[PDB]
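Participant: Let me give you the structure first, and then I'll get to my questions.
Read the figures in this text as sums done on the coordinates, not as results from a lab. Here the Cβ positions follow ideal geometry from the backbone for every residue, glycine too, while neighbour counts run over all protein chains shown.
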Amino acid sequence: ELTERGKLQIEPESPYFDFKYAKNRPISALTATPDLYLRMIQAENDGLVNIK
Amino acid sequence: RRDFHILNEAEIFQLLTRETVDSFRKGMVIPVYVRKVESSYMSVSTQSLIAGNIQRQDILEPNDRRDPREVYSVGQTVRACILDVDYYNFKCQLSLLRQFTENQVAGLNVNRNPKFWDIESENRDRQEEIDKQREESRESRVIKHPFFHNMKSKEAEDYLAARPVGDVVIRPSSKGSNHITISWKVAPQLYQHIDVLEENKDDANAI
Amino acid sequence: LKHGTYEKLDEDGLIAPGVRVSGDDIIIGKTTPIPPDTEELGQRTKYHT
Amino acid sequence: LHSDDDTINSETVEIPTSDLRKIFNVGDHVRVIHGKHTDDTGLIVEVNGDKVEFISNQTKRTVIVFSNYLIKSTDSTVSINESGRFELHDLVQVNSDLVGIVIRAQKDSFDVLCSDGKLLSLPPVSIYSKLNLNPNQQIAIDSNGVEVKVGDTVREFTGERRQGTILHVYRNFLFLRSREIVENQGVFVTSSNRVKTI
Amino acid sequence: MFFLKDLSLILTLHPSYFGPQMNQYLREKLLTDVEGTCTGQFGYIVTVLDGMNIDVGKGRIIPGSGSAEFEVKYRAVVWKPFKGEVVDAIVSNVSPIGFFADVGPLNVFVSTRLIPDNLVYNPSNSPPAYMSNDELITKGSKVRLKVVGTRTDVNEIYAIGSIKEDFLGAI
Amino acid sequence: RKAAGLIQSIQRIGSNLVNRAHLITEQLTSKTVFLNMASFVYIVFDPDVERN
Amino acid sequence: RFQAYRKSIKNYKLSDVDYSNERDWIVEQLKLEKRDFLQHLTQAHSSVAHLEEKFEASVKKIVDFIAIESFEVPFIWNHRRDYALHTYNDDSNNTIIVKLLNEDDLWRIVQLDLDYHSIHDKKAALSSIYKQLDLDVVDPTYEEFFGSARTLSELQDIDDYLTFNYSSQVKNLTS
Amino acid sequence: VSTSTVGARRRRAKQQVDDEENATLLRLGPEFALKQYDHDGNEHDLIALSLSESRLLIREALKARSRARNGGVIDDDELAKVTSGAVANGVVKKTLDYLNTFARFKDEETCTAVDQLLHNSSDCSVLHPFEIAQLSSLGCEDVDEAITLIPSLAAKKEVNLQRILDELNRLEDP
Amino acid sequence: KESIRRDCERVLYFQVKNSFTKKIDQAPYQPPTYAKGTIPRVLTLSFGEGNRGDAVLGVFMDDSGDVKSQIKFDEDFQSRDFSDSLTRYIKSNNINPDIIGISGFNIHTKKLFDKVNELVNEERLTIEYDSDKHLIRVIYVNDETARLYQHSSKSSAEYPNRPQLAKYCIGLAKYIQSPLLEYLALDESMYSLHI
RNA sequence: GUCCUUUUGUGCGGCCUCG
């Protein structure tokens, strides 16, 4: 889910646009693409998104 | 150890241009510096010095009939869409048509699967972003005239109530800065508002 | 160099009699030597001396 | 002199410099006089007699320097001129496929803002090269189709709708300088498609 | 520590804004230029009291430039740390060199050399923490620290705390 | 750090290592360190020099 | 490099029971991480029985080398490769070599060796706390979820359980 | 940017030891001295504020501004979003979170009683306002703890510190 | 969340390790009719940025690692004079390259590469072991380590009287002669590369 | 493929010009 900062600053240019509105992504498949989940965490640390 | 690695076409292109074959391919849109303008072809230079080329069928719009020289000039920079890349000779072909330069926005293969992407929230957010791009600025109008008063319709009627029949007041109109409503007292507690359309206006506040 | 023109000079650096001259135009061409900079990094014919 | 007696504290004594040792209290801004860590400033943390330890301001790490090399300077005011190979706000090529703009400069390190927004701290030697792009290459085109050169002020319409003056151009990215964004001294990166010219 | 102070600002207005809404536009400009700023002399300005009824006076026309200069006086709530003061904090990040806490908008850094030795940093812990036998301090944990030094920047303030003394550490 | 100590020890003894066993007989290295490093450092053998 | 890795370890020399527990823990961790490789091994080499037992024995031998003999990964990979692979003769007398482990797996075994000592310290501290509690009768839940505990999260959960249910003894020893 | 009402301070030759900022020595500098001047030049005392008083004031001012901007028609997030400036929004959000997680007195009447107790008391008539703010903010429980945290209170031994702390704990909502 | 973070960090760590292993696992270029691992004799050329003013600088390194006969060409590289000078340089008895390496800063390097390759092919400049004869190879050289080498103070101390482009050519030749040692010489700077 | 450009002395002395 997106915070207000994420609601604004998540532009197509940004690397975080890949997972801006992601859902129903199983945990078992996360290890296949570590960069995706690391980018999600780094976006969370910026205060843009929240991983639920 | 393995044998000495010898660069291929993609590695040579990346070495000499610092643009990968992923970030520079078919369909992308880039700004190019025009260098030559001719009757049938146009020669441009990109940011990384890759020599481009555009043909007569890709310079002008189908409904256009003017000569290419009249339309563009040397030294001008324009947007163009890539139609082919020659990774060995460092040459590319481009098109300046509207159908290629502007419509192709979604250049990334984002997996918008309905079960894996929140389509409705994205649509609502995009609709709200368009509804915020529709925002505009507006301000009141000031007119200098002895019988002009910055009053509402009811305010003008109340102002004309204290005055006898035949006196005239002028107020701004609700239809826009190009319209003026003139209110005059027809009878006691009876007033007529007449809208006047302005033409050849020097300014919004001007008459 | 200066902002004026140099095309009116001859090979010997001097203008010839009978030529029209306007303000600032160069009529005597003279140069003085200068110890060259690090341009010996490679400037085939375009290193200033 | 300072002492518990008030009458002694109102006296001035002239003392030779050969019998004086500086007193460094914990939590004081001090600037290094001489050594490998010359012109480094920070706050004193530990005073182990002759050896003094302090958290630096530039490197932001603890540095151990002898007390003879310290002067109590409440402000750094360090000038980075005549150092490295990079002026402030230079567009530096970090590596083969990475580029950025120098945000802050230091004696033996630099702060670089990437095109995607990530900040890096690197030594000067690790930087691949400096991009000396030609003026014709340093031109971009806004969303309307109007040309925007360096020094042209533009203001966005998407996103946070910020505004700035163009500082550098790289591909489609515009490096803008702004007054109100104090977070990175006004330097924020946006694509040219996001801005409209004023 | 929070305080009430009487502050003043100089506001310059371009002649294109010389309209009836001049006072309100000056008020909003003052609010945007004062709310949230950080000045080393004063600390942090958080809010301005009576923000919609501030007197702006009469502006003076600058000779040779046309623009008017306004002197706006206002009362605002200001927060500024002091050397040798003990305040509460919340840990925001854990690192081998020390932990970073947040005291409102101010971020305070405490190095390991100002941390007691029994609070050994455990990077294997989830989340990583500086833990002892009876104490465990991690991200989001309440901590009471004493401000030792303050570093002033152009528009920023950097503070350094310590927890090596009594009645400090985990709370 | 061990590499620099080894280089200094070799330069003390004469900057030439005749045999692998001299890393133990000359006390240059300890037992386990030599056991690890013995087969990864080599001494070029010239048959014309060593007729025996 | 081993000294640099083990510089943070308070005490590296484990007892025999703790060492066997360490070997079992590393075997289980590798089994968890290399599930797809083990599935490929089982499917494509169905004719050979008990290959996973050979994998367990090989992993235990590598842990033995790294911990007791202190061999680094290149030395094991070059001069101890026979313990990292299994050979057999098929029905057609075909010599077949199966590579159970690679160099990256040796590095992962080094990493797990380094990782387990934090778990061991946490478990020792938890057991010491339980000893200072000095229950009259052993708590079946504590021993039940302490014997099977294999991550520090479960140890933290047991610590929370102990400090809650026996808070009075903790207060007496000492909110 | 903003300039204080105190000016002058020109060059001299003497140097004083009461110039460095120090909470323990109660040396708050010229701009935070015990004696201040308002816009009219009249005498004014330094106004310290505890977290309860500060929270009440910021909430009152923010809700007044929000009501005024909305044509005179409670949530911290919306109230923070009322203000302008992204950095300002972040700063006010951080202050709101800090005040909320350490609010000793969330009630106006409790804060009023605390202020009256800490002001009208005979012992507190000599107490510095910074000491009052520190006592009402830190929520100390012991005289020794208060002396260790606040070194200034050590020299003022004519204050009934223990009973005042117990009254503060009583007024504090558990 | 912490567990998945740790697992993904492990996977990314191993991916980066494998990528770096692919980067540094390169033997020196093997000259023909010689056993693998033999150090070749290298000649490297580069004009720099490719501008009008920029001249071509050459450096010849023998199989013993000693730089020999750095030269500067004082003519336009698109002319016949440059071709004659390069033909005289290569065919000199004191210089016997096994490979010719070329690298540069932009697309102008392609013209130099094509010019040198065409000259070598047309003049039939063969490897001089001083039987079967083989033409000298012309390749593009990856200059990941040369650009950091040319600014390093160690290189400046090693060659005080030489310009930066000469150090770039020496870095390219050293990279051809031993990629591993050239990566090692970067020290702390090798973590900033594109791995 | 080629096109591409930037700035000025000082200090005295003398003779003049308009009041």
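Participant: How many residues, within the range B:8-65, are touching a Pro at 6+ places or on another chain (Cβ under 7 Å) and hydroxyl-bearing (S, T, Y)?
Facilitator: 1
Participant: Can you tell me which residue in the range G:86-102 is nearest to G:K13 (Cα to Cα), limited to those that are surrounded by 14 or more Cβ atoms within 10 Å (Cβ to Cβ) and within 21 Å of the chain's Cα centre (by Cα)?
Facilitator: Going through the qualifying residues, I end up with G:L101.
Participant: Looking at the range I:143-166, which of its residues are hydrophobic (A, V, I, L, M, F, W, C) and surrounded by fewer than 21 Cβ atoms within 10 Å (Cβ to Cβ)?
Facilitator: Once the filter is applied, which keeps residues that are hydrophobic (A, V, I, L, M, F, W, C) and surrounded by fewer than 21 Cβ atoms within 10 Å (Cβ to Cβ), the range I:143-166 yields only I:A157.
Participant: May I pose another question? Give C:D37, C:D10 a once-over and let me know the one that is away from RNA strand J (no atom under 13 Å from the Cβ), within 14 Å of chain I (Cβ to nearest Cβ) and either out of contact with any helix residue (DSSP H, G or I) (no Cβ under 9 Å at 6 or more places or on another chain) or over 30 Å from I:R162 (Cα atoms) (or both).
Facilitator: Details: C:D10 fails: within 14 Å of chain I (Cβ to nearest Cβ).
Going through C:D37, C:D10 in turn, just one is away from RNA strand J (no atom under 13 Å from the Cβ), within 14 Å of chain I (Cβ to nearest Cβ) and either out of contact with any helix residue (DSSP H, G or I) (no Cβ under 9 Å at 6 or more places or on another chain) or over 30 Å from I:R162 (Cα atoms) (or both): C:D37.
Participant: Residue check: is B:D118 charged (D, E, K, R) and within 11 Å of another protein chain (Cβ to nearest Cβ)? I'd like the intermediate steps shown before the answer.
Facilitator: Working: charged (D, E, K, R): yes; within 11 Å of another protein chain (Cβ to nearest Cβ): yes.
Yes: the conditions hold for B:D118.
Participant: Checking the condition surrounded by 12 or more Cβ atoms within 10 Å (Cβ to Cβ), among the polar types (S, T, N, Q) and either touching a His at 6+ places or on another chain (Cβ under 7 Å) or within 14 Å of chain F (Cβ to nearest Cβ) (or both), which residue from G:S70, G:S20 passes? Can you show your working first?
Facilitator: Details: G:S20 fails: either touching a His at 6+ places or on another chain (Cβ under 7 Å) or within 14 Å of chain F (Cβ to nearest Cβ) (or both).
Within the list G:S70, G:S20, the selection yields G:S70.
Participant: So which residues in the range I:39-54 are buried (at least 18 other Cβ atoms within 10 Å of the Cβ), within 16 Å of RNA strand J (Cβ to nearest atom) and among the small types (G, A, S)?
Facilitator: The answer is I:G48, I:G50.
Participant: Can you work out which of the residues in the range D:119-137 that are assigned to a loop (DSSP other than H, G, I, E, B), within 26 Å of the chain's Cα centre (by Cα) and at the interface with another protein chain (Cβ under 9 Å from one of its Cβ atoms) is surrounded by the fewest Cβ atoms within 10 Å (Cβ to Cβ)?
Facilitator: For the range D:119-137, the residue satisfying everything is D:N132.
Participant: Which of the numbered conditions does E:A170 fail, given that it passes all the others? Conditions: (1) under 17 Å from the mean Cα position of the chain (by Cα); (2) away from chain D (no Cβ under 14 Å); (3) not basic (K, R).
Facilitator: (1)
Participant: Would you point out the residue of the range D:10-37, among those that are of a type in the set (G, A, S) and in a loop (DSSP other than H, G, I, E, B), that is surrounded by the most Cβ atoms within 10 Å (Cβ to Cβ)?
Facilitator: Checked the range D:10-37; the qualifying residue surrounded by the most Cβ atoms within 10 Å (Cβ to Cβ) is D:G27.
Participant: Considering H:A23, H:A80, which residue is on the phi < 0 side of the Ramachandran plot and touching an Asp or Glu at 6+ places or on another chain (Cβ under 9 Å)?
Facilitator: H:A23
Participant: Next question, about the same structure. Report the residue count in chain F for those that are assigned to a loop (DSSP other than H, G, I, E, B), among the polar types (S, T, N, Q) and either in contact with a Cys (Cβ under 9 Å, 6 or more places away or on another chain) or within 24 Å of G:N78 (Cβ to Cβ) (or both).
Facilitator: Initial filter on chain F (assigned to a loop (DSSP other than H, G, I, E, B)): F:1, F:14-21, F:26-30, F:38-52.
From the residues that got through so far, the ones that are among the polar types (S, T, N, Q) too are F:15-16, F:19, F:27, F:29-30, F:39, F:52.
From the residues that got through so far, the ones that are either in contact with a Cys (Cβ under 9 Å, 6 or more places away or on another chain) or within 24 Å of G:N78 (Cβ to Cβ) (or both) too are F:19, F:29-30, F:39.
Result for chain F: 4.
Participant: Applying the selection to the range B:38-68, what residues are within 16 Å of RNA strand J (Cβ to nearest atom), outside any loop (DSSP other than H, G, I, E, B) and surrounded by fewer than 20 Cβ atoms within 10 Å (Cβ to Cβ)?
Facilitator: Hits for the range B:38-68 are B:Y41, B:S43, B:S45, B:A51, B:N53.
Participant: Any residue in the range I:118-130 that is in a helix (DSSP H, G or I) and within 16 Å of RNA strand J (Cβ to nearest atom)?
Facilitator: Checked the range I:118-130: at least one residue is in a helix (DSSP H, G or I) and within 16 Å of RNA strand J (Cβ to nearest atom).
Participant: Give me the pairs: first residue in the range H:159-174 and among the charged types (D, E, K, R), second residue surrounded by 12 or more Cβ atoms within 10 Å (Cβ to Cβ), beta-carbon distance under 6 Å, and six or more apart or on different chains, which are they?
Facilitator: H:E172/H:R104
Participant: Only one of D:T62, D:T77 is surrounded by 14 or more Cβ atoms within 10 Å (Cβ to Cβ) and hydroxyl-bearing (S, T, Y); which?
Facilitator: Values: D:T77 fails: surrounded by 14 or more Cβ atoms within 10 Å (Cβ to Cβ).
D:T62 is the lone residue from the list that is surrounded by 14 or more Cβ atoms within 10 Å (Cβ to Cβ) and hydroxyl-bearing (S, T, Y).
Participant: Could I ask something else about it? Exactly one condition in (1) in a helix (DSSP H, G or I); (2) out of contact with any helix residue (DSSP H, G or I) (no Cβ under 9 Å at 6 or more places or on another chain); (3) within 11 Å of another protein chain (Cβ to nearest Cβ); (4) not hydroxyl-bearing (S, T, Y) is false for B:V32; which is it?
Facilitator: (1)
Participant: For residues that are part of a helix (DSSP H, G or I), small (G, A, S) and within 14 Å of chain E (Cβ to nearest Cβ), scanning just the range H:72-126, find the one that is nearest to H:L57 (Cα to Cα).
Facilitator: If we take residues in the range H:72-126 being part of a helix (DSSP H, G or I), small (G, A, S) and within 14 Å of chain E (Cβ to nearest Cβ), then H:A80 is nearest to H:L57 (Cα to Cα).
Participant: Would you point out the residue of the range C:40-49, among those that are more than 16 Å from RNA strand J (Cβ to nearest atom) and assigned to a loop (DSSP other than H, G, I, E, B), that is nearest to I:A166 (Cα to Cα)?
Facilitator: Residue satisfying both the conditions and the ranking: C:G42.
Participant: May I ask you to verify whether B:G75 is part of a loop (DSSP other than H, G, I, E, B), away from chain I (no Cβ under 12 Å) and within 16 Å of RNA strand J (Cβ to nearest atom)?
Facilitator: Details: part of a loop (DSSP other than H, G, I, E, B): yes; away from chain I (no Cβ under 12 Å): yes; within 16 Å of RNA strand J (Cβ to nearest atom): yes.
So B:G75 passes the test.
Participant: Could you tell me whether C:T5 is within 12 Å of RNA strand J (Cβ to nearest atom), out of contact with any helix residue (DSSP H, G or I) (no Cβ under 9 Å at 6 or more places or on another chain) and closer than 28 Å to I:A55 by Cβ?
Facilitator: Spelling it out, it is not the case that C:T5 is within 12 Å of RNA strand J (Cβ to nearest atom), out of contact with any helix residue (DSSP H, G or I) (no Cβ under 9 Å at 6 or more places or on another chain) and closer than 28 Å to I:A55 by Cβ.
Participant: Okay, moving on. Would you call B:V74 closer than 30 Å to B:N8 by Cβ and of a type in the set (V, I, T)?
Facilitator: no
Participant: For the range E:125-171, how many residues meet the condition of being in contact with a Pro (Cβ under 8 Å, 6 or more places away or on another chain) and among the β-branched types (V, I, T)?
Facilitator: 5
Participant: Please give the strands (runs of 3 or more DSSP E) falling wholly within the range E:63-158 in which 2 or more residues are within 14 Å of chain D (Cβ to nearest Cβ) and of a type in the set (A, V, I, L, M). Spell out the reasoning first.
Facilitator: Details: elements: E:68-79, E:85-95, E:98-103, E:106-111, E:120-122, E:129-131, E:142-152.
Strands (runs of 3 or more DSSP E) meeting the threshold: E:106-111, E:142-152.
Participant: Shifting gears a bit: Considering only the range D:148-179, how many residues are of a type outside the set (S, T, N, Q), away from chain A (no Cβ under 13 Å) and under 24 Å from H:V87 (Cα atoms)?
Facilitator: Count: 9.
Participant: Have a look at I:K23, I:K36, I:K72 and point out the one that is surrounded by fewer than 18 Cβ atoms within 10 Å (Cβ to Cβ) and either within 16 Å of RNA strand J (Cβ to nearest atom) or within 16 Å of I:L165 (Cα to Cα) (or both).
Facilitator: Only one candidate qualifies: I:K72.
Participant: Continuing with this model, one more query. Mind checking whether some residue in the range E:18-33 is of a type outside the set (A, V, I, L, M, F, W, C), away from chain H (no Cβ under 11 Å), touching a strand residue (DSSP E or B) at 6+ places or on another chain (Cβ under 6 Å) and outside any loop (DSSP other than H, G, I, E, B)?
Facilitator: Looking through the range E:18-33, none of the residues is of a type outside the set (A, V, I, L, M, F, W, C), away from chain H (no Cβ under 11 Å), touching a strand residue (DSSP E or B) at 6+ places or on another chain (Cβ under 6 Å) and outside any loop (DSSP other than H, G, I, E, B).
Participant: List every residue pair whose Cβ atoms lie under 7 Å apart, where the two residues are 6 or more positions apart in sequence or sit on different chains, the first residue falls within the range B:103-124 and is at positive phi, and the second residue, located anywhere, is surrounded by 11 or more Cβ atoms within 10 Å (Cβ to Cβ).
Facilitator: Filtered contacts from the range B:103-124: no entries.
Participant: Would you confirm whether or not the range C:21-33 contains a residue that is more than 26 Å from I:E75 (Cα to Cα), more than 16 Å from RNA strand J (Cβ to nearest atom) and assigned to a loop (DSSP other than H, G, I, E, B)?
Facilitator: Scanning the range C:21-33 turns up at least one residue that is more than 26 Å from I:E75 (Cα to Cα), more than 16 Å from RNA strand J (Cβ to nearest atom) and assigned to a loop (DSSP other than H, G, I, E, B).
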